[PDB]
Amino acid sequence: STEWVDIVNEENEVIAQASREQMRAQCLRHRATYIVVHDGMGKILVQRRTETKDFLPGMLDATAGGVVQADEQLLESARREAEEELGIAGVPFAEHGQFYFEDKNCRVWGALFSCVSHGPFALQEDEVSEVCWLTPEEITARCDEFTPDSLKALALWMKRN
């Protein structure tokens, strides 16, 4: 089935809907959720992207989450992503506002969430190839390995937590 995605203007108003392929082909501005999954003891669940991913294959994500699909509300979208990527469901999510990120390959209004989970996790190997618990110190010591958008989300979380 084709994945359909909300396309937004500069003001984060939905003005278009595109296939996932069109979104990536034209670098269209879209929404995504970013969820800091932390263990409540100082560590962040970090996820290595498979090497088949369109956006930044093989890099580390400091957050779970993904593109918000057509007509999805932000929290249900975050919950769907966490369920699909990590096999978690019914865990409390805290909301931490929004941020905008763009580089040469994407334009995104991000919605930031966090949750505390110790697992267990059920992962998708076609998307994530590895997970581990890292402290924020450990992450910044390796920050060249991380997607800049997930790093931005984490940094924003770290300044609130």
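Each residue number is its position in the shown sequence, starting from 1.
(request) Look over 46 to 54 and 31 to 39 in the entry and identify the one with the greater average Cα temperature factor. (result) In the deposited entry, the stretch with the higher C-alpha B-factor mean is 46 to 54.
(request) Read off the CA B-factors in the entry, average them over 123 to 131 and over 90 to 98, and name the higher stretch. (result) The entry gives the higher C-alpha B-factor average to 123 to 131.
(message) What third of the chain does residue 153 rank in for C-alpha temperature factor, lowest, middle or highest?
(response) Bottom third by C-alpha B-factor.
(request) Check where residue 117 lands among this chain's C-alpha B-factors and tell me if it's the lowest, middle or highest third. (result) Tercile = middle for this residue's CA B-factor.
(request) Please rank the C-alpha B-factors of the chain's modelled residues and tell me whether residue 143 sits in the lowest, middle or highest third. (result) Its C-alpha B-factor, which the entry lists for residue 143, ranks in the highest third among residues of this chain.
(request) Report the third (lowest, middle or highest) to which the CA temperature factor of residue 60 belongs, ranking only the modelled residues of the same chain. (result) Ranked within chain, residue 60 CA B lands in the middle tercile.
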